[PDB]
């Protein structure tokens, strides 16, 4: 995090103070794939 | 240069004051065309 | 009267009054300080 | 080989009014006059068209870095340094004083602006020149000019507040 | 774009092809309106700070006497008279400026009987023969009395004191 | 004041390109209106120097007898033996406070010798005339009488001045030398001048580094678009580059204008402090210093002023 | 004083889109300057107190 302040300020020397570097966010891990339920079906057995 | 003040300000009467009209730049006269030298040749005499 | 205009492609919306200025015989239309359509000669009758 | 761009700079025109005279003075700002092609070199740039003098007077048209210009007298444009006023020192000792015996009553005017011209620009007629096809894609840009209508009303409600 | 008139764009090109020339006229005219209203609001801020300076000049110079220097005019401010003007107020500031002066000699205190006499109002001035009391902005010489002075210490601690008498008005009143 | 800058649309937008100036005429006068605002802030900072430094036009000078009651005024006065007319504090004031893309830096009207000649004329009128040279003609008033009126403005009788004349002047000359020891050591005491020159420097390098960006084009080089691509398909990449370079140029004129509004409010606060703390005695509380204000001595500075406010504590 | 605020360049412009974030690099450091202007506001609101 000391080297994180050097990259956003474009300087190799960081003075005394409070500096903002980047933003934190929790990355997603899973993916919920959803579909409607099997109902309202159609009579395919009348020809098959 | 008195008419250059009228050409920029869009007025036929110029009041007392200092006005900037355009910019001076030296135009290019010649054109230098460069190329690498006659070293690193290819043996074309072996087939010709 | 507030009507629509169609004078060989020169469309517009406004009224028509009699012009009191001098005009050119080859002139199709004139332009104001905003450089838009403000005075139209008729292609058949010649009223500017 | 060192690549340097060739010599360029701003051109200004020092001139009086057209009802008085018609002489000009070309100022190549940032350009030395050995590289340009009755002349004087200043710190801002070498001045072409002015007679430099040694005395300094009250001028009207400033140039830069102390050099100023005015139209004086068989008449031409002259250039000199900016005068800081007449030098008149006051003596001092440990036992003397200077008491005024008379005064004067003068009226000095002071002009301060308060308000300005209240304007109002609508989104339908300025952007679209009585066009019906322009207004359908004007709704696709959201609310730009609704915020400019609130800003122009917020200016105009401050103008009668300032009075 | 190809043209500035919006009727020439729609009635000549395809409606898939005229729309990309339309938004260059939309965002081109909106950017010219955006640099107008930001220059308007910057000019609205400096016209507020000058009107607040004019309201300070209406409250101190007009409604009373301000003790500031170079605020209600150059010099000692006496009174002000505002006048109406389009988009501003023009003020007529009456000031007090001294014109003619004259050099004299001075001393900070007077040694009367071993005690130092300091001036209460005004300064000690002399014309070479006698010592008088006048103010700093105008010349009006008065005789040095005990009512115009006040005693503070001896003459050995102050610097620049000269020897002179102080006219005590109670001393000729006992035989008169 | 601030740094006077001027930029043209011929060299900053177009990197020696003839087709770029031909497409600049289709956009109208975007670079003409920001040119009128950049000379508007150029004559505003020249008017800010005339409103603060040029209060009176009569140039005064000091007497050669430097005896004002044991008061050492040699440090705030400029040395005539030096070739540069600067003071002993002002030698440390100018020492602590320290290209081809069309960006130019205009020099100001009043130079550093002309500012210090205006500063030494106001400093000589403070010690020889006091409060009368800011209200018309200067009068000859001694330095013992000037401290009698300035004590009388805060309700202090004149008996503490002459009975403690050795104690007052030794307290002033030790406090003047404590300013020169603190200014030569602590370089962060002049940070109110340092953010004026650093914000103008950080505005200039962001004008250069935005030219390296493409603004949605395939290249930021104007030669690479015209020489390689087909000229109706190349010109839509020029209109992406001429819009992104104009919006950063419209960014720079708008941040400088609110900085011009901030530098106009401080110079009007400086010209109030040049007329109330220097030209007279201020009856305000915590305006010309914390406490009872007696007198002030202004000094020259890069893009600003330095006030030496004495206080009665 | 006023309410101190901050805006993110990546989150306000791009609503969790990875193809939007790399296309902001062609515009350069422009959105840092709107971030650096608002952080300079938040210092002087603490100075006014």
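Chains as they are written, first to last, in my numbering: chain V, 1 to 48; chain X, 1 to 48; chain F, 1 to 48; chain A, 1 to 163; chain B, 1 to 176; chain P, 1 to 313; chain E, 1 to 49. The beta-carbon is built from N, C-alpha and C at its ideal position, and this holds for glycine as well.
- Out of A/102, A/137, A/135 and A/146, the CA that lies nearest to the CA of residue 137 of chain B is found in A/102.
- Put simply, the segment 244 to 255 of chain P does not touch the segment 110 to 123 of chain P. Fewer than three CB pairs are less than 8 Å apart.
- Residue 265 of chain P counts as exposed, since fewer than 16 other beta carbons sit within 10 angstroms of its beta carbon.
- If you look at residue 38 of chain F, you'll find it in the beta strand (DSSP E) that goes 37 to 40.
- For residue 1 of chain X, the neighbours in chain A by C-beta distance under 7 Å run, in chain order, 13, 24 and 26.
- With 16 or more other Cβ atoms from the protein chains shown falling within 10 Å of its own Cβ, residue 300 of chain P counts as buried.
- In this structure, the alpha-carbon of residue 104 of chain P lies about 16 Å from that of residue 31 of chain P.
- Interface criterion not met: the Cβ of residue 40 of chain V is under 8 Å from no Cβ in chain E.
- Nearest in C-alpha terms to residue 220 of chain P, of all of P/134, P/230 and P/243, is P/243.
- Scanning its chain for C-beta atoms nearer than 8 Å, with the 5 sequence neighbours on each side dropped, one finds around residue 78 of chain B the residues 65, 94, 95 and 96, in chain order.
- About 12 Å separates the CB atoms of residue 238 of chain P and residue 218 of chain P; that is not less than 8 Å, and the two are not in contact.
- Residue 27 of chain P is outside the set of residues whose beta carbon lies under 8 Å from a beta carbon in chain A.
- With distances taken between CA atoms, residue 80 of chain A lies nearest to A/67 out of A/10, A/67 and A/92.
- Taking 8 Å as the threshold, the shortest C-beta distance from residue 162 of chain P to chain B falls below it.
- Residues of chain X whose Cβ lies closer than 7 Å to the Cβ of residue 31 of chain A are, in chain order, 24.
- Judged by their CB atoms, residue 148 of chain P and residue 140 of chain P are not nearer to each other than the 8 Å cut-off.
- Taking a cut-off of 8 Å on C-beta distances, the segment 77 to 95 of chain P does not touch the segment 90 to 107 of chain A, as fewer than three cross pairs fall below it.
- Apart from the 5 residues on each side of it in sequence, residue 10 of chain A sits with its Cβ closer than 6 Å to the Cβ of 29 in its chain, given in chain order.
- Annotation: the continuous alpha helix (DSSP H) that includes residue 28 of chain B extends over 19 to 57.
- Chain P places no beta carbon closer than 8 Å to that of residue 45 of chain E, leaving this residue out of the contacts.
- With a contact defined as Cβ atoms closer than 8 Å, residue 144 of chain P and residue 160 of chain B qualify at about 7 Å.
- Residues are counted here when their Cβ sits less than 7 Å from a Cβ of chain B; for the segment 268 to 293 of chain P these are 275, 276, 279, 280 and 283, given in chain order.
- Contact between residue 124 of chain P and residue 62 of chain P is confirmed by a C-beta separation of about 5 Å, below the 8 Å threshold.
- Less than 8 Å separates the beta-carbon of residue 42 of chain A from that of residue 65 of chain A.
- Residues of chain E whose Cβ lies closer than 9 Å to the Cβ of residue 20 of chain V are, in chain order, 6, 35 and 39.
- Here residue 81 of chain B is exposed: its Cβ has fewer than 16 other Cβ atoms, across all protein chains shown, within 10 Å.
- Here DSSP, grouped into helix, strand and coil, assigns residue 43 of chain E to helix.
- The DSSP-derived three-state label of residue 11 of chain E is helix.
- For residue 101 of chain P, not one C-beta of chain E is nearer than 8 Å to its own C-beta.
- The Cβ of residue 192 of chain P sits no closer than 8 Å to any Cβ of chain E.
- Bounds of any alpha helix (DSSP H) do not take in residue 31 of chain F; it lies within the beta strand (DSSP E) bounded by 29 to 31.
- In this structure, the straight-line span from the alpha carbon of residue 128 of chain P to that of residue 62 of chain B is close to 33 Å.
- Under the Cβ distance rule, residue 5 of chain X counts among the residues neighbouring chain A, one pair being separated by less than 8 Å.
- Scanning the segment 41 to 77 of chain A from its first residue to its last, the whole beta strand (DSSP E) runs of 3-plus residues come out as 46 to 48, 61 to 64 and 67 to 72.
- Taking residue 13 of chain X as reference, the option from A/19, A/56, A/35 and A/12 with the minimal CA-CA separation is A/19.
- Under the 8 Å criterion on CB atoms, residue 64 of chain A is classed as interfacial with respect to chain P.
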